[PDB]
Amino acid sequence: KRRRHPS
Amino acid sequence: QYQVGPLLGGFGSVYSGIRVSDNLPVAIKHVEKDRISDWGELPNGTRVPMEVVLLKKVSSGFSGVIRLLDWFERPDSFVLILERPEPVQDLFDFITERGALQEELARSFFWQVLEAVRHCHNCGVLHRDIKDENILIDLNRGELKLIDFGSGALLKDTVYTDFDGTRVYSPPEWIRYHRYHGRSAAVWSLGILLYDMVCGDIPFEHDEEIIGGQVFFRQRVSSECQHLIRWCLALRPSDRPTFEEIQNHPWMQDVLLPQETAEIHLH
Ligand SMILES: O=C(O)c1cc2cc3ccc4oc(C(=O)O)cc4c3cc2o1
């Protein structure tokens, strides 16, 4: 559920 | 002149490094010219990536921004030599591993992020990608450092119509209309970040939630803190607080110093 989000 | 260690970090390339001249810990960041969209010229007028332009503008004096120690141009890339604290963990890994932060800890962190963004603004730099992943924690000194100005711009007072930062931290005016002003967009992103800290994850993932203007608290959060978050996440830009208003907010009072934060929460 929690994740990184790229630019 | 530098001894190159192993990757630290996706699609980016930052290596551990030690300056031979004095064994200073450095981070060595490589950027491909093929992938640089924004270019600028230095105080002396050599054509460099904007990231370098902005790092130079923020990198003099002491601050809560990772400092650019030097840089070199290569045939297909630029290399950037940056500060490297030790021991360190980024704020995203830290929230993943420890979960929702205690308010005292969130307050110290957030305050320091405010001082660091104020410092950028004062130097003419808009970061445009404030998020837990772009914040390093020096676990001994209890100091936060902002990183990655690769999506940034020179601060201006007119409208921006381009944006290459993180979408889930971008404001509703960008989502809905493809336009924003710098500071007010920065404040929105800081409200996402604050929620992220006190709830253990960001509040919105989908466009409709971003533009929706509804903030649900999944954790117990004090009501002065809920009010600051909701203020920062006002749908209408002009209703968001200024930086001074954020720092004068009652939730922000009696902030711990960095050492105190390290001693109480990090050691
Ligand atoms: O132990 C670690 O994981 C660790 C230590 C560490 C120091 C860094 C110092 C400057 C930086 O700038 C960027 C950037 O992308 O601009 C990334 C980093 C960076 C990533 C790092 O990861």
# chains A, B, ... in the order shown; residues from 1 in each chain; ligands from 1
>>> interface_residues(of="chain A", to="chain B", cutoff="7 Å", atoms="only C-alpha atoms", output="PDB file with C-alpha atoms, in the first residue's frame")
ATOM      1  CA  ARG A   2       2.774   2.571   0.842  1.00  0.00           C
ATOM      2  CA  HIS A   5       6.413   7.929  -6.573  1.00  0.00           C
ATOM      3  CA  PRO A   6       8.950   8.896  -9.251  1.00  0.00           C
ATOM      4  CA  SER A   7       9.241  12.391 -10.777  1.00  0.00           C
TER       5      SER A   7
END
>>> residues_near_ligand(ligand="ligand 1", cutoff="7 Å", atoms="only C-alpha atoms and all ligand atoms", output="list in words")
residues 8, 9, 12, 14, 27, 29, 66, 82, 83, 84, 85, 88, 89, 90, 147, 148 and 149 of chain B
>>> residues_around(residues="residue 248 (chain B)", least_positions_apart="5", cutoff="12 Å", atoms="only C-alpha atoms", output="list in words")
residues 111, 114, 228, 241, 242, 243, 253, 254 and 255 of chain B
>>> closest_residue(among="B:65, B:221, B:45, B:203", to="residue 1 (chain A)", atoms="only C-alpha atoms")
B:203
>>> residues_around(residues="region 18-26 of chain B", least_positions_apart="4", cutoff="10 Å", atoms="only C-alpha atoms", output="JSON, numbers by chain")
{"B": [1, 2, 3, 4, 5, 68, 69, 80, 81, 82, 83, 84, 85, 86]}
>>> atom_distance(atom1="CA of residue 42 (chain B)", atom2="CA of residue 73 (chain B)")
13.4 Å
>>> closest_residue(among="B:185, B:215, B:105, B:58", to="residue 119 (chain B)", atoms="only C-alpha atoms")
B:58
>>> residues_around(residues="residue 41 (chain B)", least_positions_apart="6", cutoff="9 Å", atoms="only C-alpha atoms", output="VMD selection string")
chain B and resid 47 to 50 53
>>> write_last_selection(atoms="N, CA and C atoms", output="PDB file, in the first residue's frame")
ATOM      1  N   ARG B  47      27.181  27.329 -20.063  1.00  0.00           N
ATOM      2  CA  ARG B  47      25.861  26.702 -20.210  1.00  0.00           C
ATOM      3  C   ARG B  47      25.747  25.373 -19.458  1.00  0.00           C
ATOM      4  N   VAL B  48      25.052  25.407 -18.319  1.00  0.00           N
ATOM      5  CA  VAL B  48      25.000  24.257 -17.411  1.00  0.00           C
ATOM      6  C   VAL B  48      23.564  23.801 -17.151  1.00  0.00           C
ATOM      7  N   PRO B  49      23.386  22.553 -16.701  1.00  0.00           N
ATOM      8  CA  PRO B  49      22.035  22.207 -16.332  1.00  0.00           C
ATOM      9  C   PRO B  49      21.531  23.100 -15.182  1.00  0.00           C
ATOM     10  N   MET B  50      20.244  23.410 -15.247  1.00  0.00           N
ATOM     11  CA  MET B  50      19.587  24.247 -14.254  1.00  0.00           C
ATOM     12  C   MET B  50      19.837  23.722 -12.851  1.00  0.00           C
ATOM     13  N   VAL B  53      22.776  25.263 -11.582  1.00  0.00           N
ATOM     14  CA  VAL B  53      22.506  26.663 -11.332  1.00  0.00           C
ATOM     15  C   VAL B  53      21.852  26.851  -9.987  1.00  0.00           C
TER      16      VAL B  53
END
>>> residues_around(residues="residue 127 (chain B)", least_positions_apart="3", cutoff="8 Å", atoms="only C-alpha atoms", output="list in words")
residues 117, 120, 130, 149, 151, 152 and 153 of chain B
>>> write_last_selection(atoms="C-alpha atoms", output="CSV table (one decimal), in the first residue's frame")
chain,number,residue,atom,x,y,z
B,117,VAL,CA,12.6,25.9,1.9
B,120,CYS,CA,15.9,28.2,-1.0
B,130,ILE,CA,9.4,18.6,-1.7
B,149,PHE,CA,16.8,20.1,-7.4
B,151,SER,CA,12.8,19.4,-11.1
B,152,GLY,CA,13.4,22.9,-9.7
B,153,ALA,CA,13.3,26.4,-11.2
>>> closest_residue(among="B:39, B:188, B:204, B:62", to="residue 3 (chain A)", atoms="only C-alpha atoms")
B:204
>>> select_by_dssp(residues="region 34-181 of chain B", states="strand (DSSP E)", output="PyMOL selection string")
chain B and resi 39-41+47-49+68-73+77-83+88-90+125-126+135-138+143-146+153-154
>>> write_last_selection(atoms="N, CA, C and O atoms", output="compact mmCIF listing (two decimals), in the first residue's frame")
# COMPACT_ATOMS: atom_id res chain seq x y z
N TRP B 39 18.11 24.17 -18.99
CA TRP B 39 19.49 24.63 -19.01
C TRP B 39 19.57 26.09 -18.57
O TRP B 39 18.61 26.87 -18.72
N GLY B 40 20.72 26.45 -18.02
CA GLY B 40 20.96 27.81 -17.56
C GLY B 40 22.41 28.17 -17.77
O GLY B 40 23.18 27.40 -18.34
N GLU B 41 22.78 29.36 -17.33
CA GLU B 41 24.15 29.82 -17.45
C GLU B 41 24.54 30.30 -16.06
O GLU B 41 23.70 30.80 -15.30
N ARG B 47 27.18 27.33 -20.06
CA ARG B 47 25.86 26.70 -20.21
C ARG B 47 25.75 25.37 -19.46
O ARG B 47 26.25 24.33 -19.92
N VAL B 48 25.05 25.41 -18.32
CA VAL B 48 25.00 24.26 -17.41
C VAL B 48 23.56 23.80 -17.15
O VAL B 48 22.62 24.56 -17.35
N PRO B 49 23.39 22.55 -16.70
CA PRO B 49 22.03 22.21 -16.33
C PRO B 49 21.53 23.10 -15.18
O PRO B 49 22.30 23.49 -14.27
N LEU B 68 26.41 21.61 -2.84
CA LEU B 68 27.20 21.19 -3.98
C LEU B 68 28.64 21.61 -3.79
O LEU B 68 28.91 22.77 -3.69
N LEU B 69 29.56 20.65 -3.71
CA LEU B 69 30.95 20.93 -3.35
C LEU B 69 31.74 21.30 -4.59
O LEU B 69 32.65 22.15 -4.52
N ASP B 70 31.38 20.69 -5.72
CA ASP B 70 32.02 20.95 -7.00
C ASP B 70 31.21 20.25 -8.08
O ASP B 70 30.28 19.51 -7.77
N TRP B 71 31.59 20.46 -9.33
CA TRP B 71 31.02 19.75 -10.46
C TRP B 71 31.96 19.75 -11.67
O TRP B 71 32.79 20.65 -11.83
N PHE B 72 31.78 18.76 -12.54
CA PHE B 72 32.61 18.57 -13.72
C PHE B 72 31.71 18.30 -14.89
O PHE B 72 30.66 17.72 -14.71
N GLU B 73 32.10 18.72 -16.08
CA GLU B 73 31.37 18.36 -17.30
C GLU B 73 32.11 17.22 -18.04
O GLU B 73 33.33 17.21 -18.15
N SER B 77 27.69 13.64 -20.01
CA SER B 77 27.10 13.86 -18.68
C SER B 77 27.76 14.99 -17.86
O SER B 77 28.83 15.49 -18.19
N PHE B 78 27.07 15.41 -16.81
CA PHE B 78 27.69 16.22 -15.77
C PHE B 78 27.76 15.36 -14.52
O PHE B 78 26.86 14.56 -14.25
N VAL B 79 28.84 15.55 -13.77
CA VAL B 79 29.01 14.95 -12.46
C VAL B 79 28.96 16.04 -11.40
O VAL B 79 29.59 17.10 -11.57
N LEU B 80 28.24 15.77 -10.31
CA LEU B 80 28.04 16.72 -9.21
C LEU B 80 28.60 16.12 -7.92
O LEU B 80 28.26 15.01 -7.56
N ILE B 81 29.46 16.86 -7.22
CA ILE B 81 29.99 16.39 -5.96
C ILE B 81 29.23 17.11 -4.88
O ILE B 81 29.24 18.32 -4.83
N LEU B 82 28.54 16.34 -4.05
CA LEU B 82 27.65 16.85 -3.01
C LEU B 82 28.08 16.38 -1.62
O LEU B 82 28.80 15.39 -1.49
N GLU B 83 27.61 17.09 -0.59
CA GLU B 83 27.77 16.65 0.80
C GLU B 83 27.20 15.28 0.98
O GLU B 83 26.18 14.93 0.36
N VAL B 88 23.10 8.27 7.76
CA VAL B 88 21.96 8.93 7.16
C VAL B 88 20.86 7.95 6.75
O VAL B 88 21.14 6.79 6.42
N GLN B 89 19.61 8.43 6.75
CA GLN B 89 18.47 7.72 6.17
C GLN B 89 17.50 8.74 5.62
O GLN B 89 17.26 9.79 6.24
N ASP B 90 16.94 8.46 4.44
CA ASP B 90 15.97 9.33 3.88
C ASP B 90 14.64 9.19 4.65
O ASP B 90 14.40 8.20 5.36
N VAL B 125 15.39 30.21 -5.51
CA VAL B 125 15.22 28.85 -5.96
C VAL B 125 13.89 28.23 -5.48
O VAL B 125 13.59 28.24 -4.29
N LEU B 126 13.12 27.68 -6.41
CA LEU B 126 11.92 26.88 -6.10
C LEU B 126 12.28 25.43 -6.35
O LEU B 126 12.69 25.07 -7.44
N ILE B 135 14.36 14.17 1.29
CA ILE B 135 14.82 14.68 2.58
C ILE B 135 15.64 13.61 3.27
O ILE B 135 15.19 12.46 3.44
N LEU B 136 16.87 13.98 3.63
CA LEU B 136 17.77 13.07 4.31
C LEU B 136 17.79 13.45 5.74
O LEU B 136 17.73 14.64 6.04
N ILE B 137 17.86 12.44 6.61
CA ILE B 137 17.98 12.68 8.04
C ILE B 137 19.42 12.31 8.46
O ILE B 137 19.89 11.21 8.18
N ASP B 138 20.14 13.26 9.07
CA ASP B 138 21.44 12.93 9.69
C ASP B 138 21.10 12.47 11.11
O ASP B 138 20.71 13.26 11.96
N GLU B 143 19.59 16.58 12.04
CA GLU B 143 19.44 17.64 11.04
C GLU B 143 18.87 17.07 9.73
O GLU B 143 19.31 16.05 9.25
N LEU B 144 17.91 17.76 9.13
CA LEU B 144 17.39 17.32 7.83
C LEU B 144 18.08 18.11 6.73
O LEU B 144 18.38 19.29 6.92
N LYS B 145 18.34 17.45 5.59
CA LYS B 145 18.86 18.08 4.39
C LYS B 145 17.96 17.82 3.15
O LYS B 145 17.68 16.68 2.81
N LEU B 146 17.54 18.88 2.46
CA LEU B 146 16.82 18.73 1.18
C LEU B 146 17.73 18.29 0.05
O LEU B 146 18.80 18.85 -0.13
N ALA B 153 13.22 25.27 -10.31
CA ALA B 153 13.31 26.45 -11.18
C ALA B 153 13.71 27.62 -10.36
O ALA B 153 13.60 27.62 -9.13
N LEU B 154 14.11 28.65 -11.08
CA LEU B 154 14.30 29.94 -10.50
C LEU B 154 12.93 30.36 -9.97
O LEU B 154 11.89 30.14 -10.63
>>> residues_around(residues="residue 106 (chain B)", least_positions_apart="6", cutoff="8 Å", atoms="only C-alpha atoms", output="number ranges by chain")
B: 194, 197-198
